[PDB]
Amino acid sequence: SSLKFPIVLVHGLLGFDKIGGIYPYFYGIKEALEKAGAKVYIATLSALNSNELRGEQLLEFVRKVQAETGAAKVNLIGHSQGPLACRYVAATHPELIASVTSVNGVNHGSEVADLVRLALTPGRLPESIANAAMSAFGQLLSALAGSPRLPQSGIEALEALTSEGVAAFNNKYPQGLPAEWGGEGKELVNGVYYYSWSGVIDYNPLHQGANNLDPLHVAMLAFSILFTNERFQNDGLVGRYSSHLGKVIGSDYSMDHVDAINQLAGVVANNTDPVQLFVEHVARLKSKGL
């Protein structure tokens, strides 16, 4: 092992243990992290909206890793909703956490989640816009499940991504958060290292098509248009500045939301190598004494 502490991967995307139905969440990432000389464990969590409850499940898994390895701490690496569970464990039990790495994390909420909830009230939004948010969401759910899913079967899980919901969490566990919109947070807080990286897409509907992409990436293109604040800087589910946590290694990579975890099945829709970012991060953690 090149690292002093093991790595625990934390998934968190609308309650899916695996993408497409069979494909592992962090596709080809565990094998790559191990190839860099690191011990990797995949956290098993339940589809909950409470990051405190999901965090407790993560806390249990971490203590099981420590029992098997004999290590004092672990390096937390989470995706999307994942980092929120990581931030909880680091806040309540910093003595067990060496570092918290956020990958396209929903650290300040999702503008997509704020839009879809408004489509439940007939009249709150223009009918065309409301149907567009529900249609794209249904396309996302179907791709993630690998089978036809109605958007109403994923609304509850999407509620956990709202700006109001995350803001309540942030006010209770603000460790590592930026002091200003677009800025960075402290790299080292209470003996815990905080890192983050994310991506944005360069998609113009008037010049770029979407007939050669998997429906999983197509949904990202549709939602990126429906962004209100970070309209020209998001990965399809979370804006660039919304994903900042601790030291921002880079939040403007060429990745959509599912590109960050090498989906679908290694077939990314953009230019940035997702796996290499994880590999290079191993060297970063190693040089920090982690």
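Each residue number is its position in the shown sequence, starting from 1.
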TODO: Would you tell me which stretch averages the higher CA B-factor in the PDB entry, 46-54 or 224-232?
DONE: 46-54
Task: 179-187 versus 76-84 - greater average Cα B-factor per the deposited record - done: 179-187
Open item on the list: Among the choices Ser198, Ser99, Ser147, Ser135, identify the one whose CA B-factor in the record is greatest.
Closed with: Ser147
Task: Among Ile129, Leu161, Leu118, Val103 - the residue whose C-alpha B-factor is largest in the record - done: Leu118
Task: Third of the chain, ranked by Cα B-factor, where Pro274 sits - done: lowest
- [ ] Tell me, lowest, middle or highest third: where does the Cα B factor of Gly239 rank within its chain?
- [x] lowest
Task: CA B-factor placement of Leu59, once the chain's modelled residues are sorted into thirds - done: highest
- [ ] Could you look up the Cα B-factor of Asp114 in the entry and say which third of the chain it sits in: lowest, middle or highest?
- [x] lowest
Open item on the list: Could you place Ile19 in the lowest, middle or highest third of its chain by Cα temperature factor, using the values in the record?
Closed with: highest
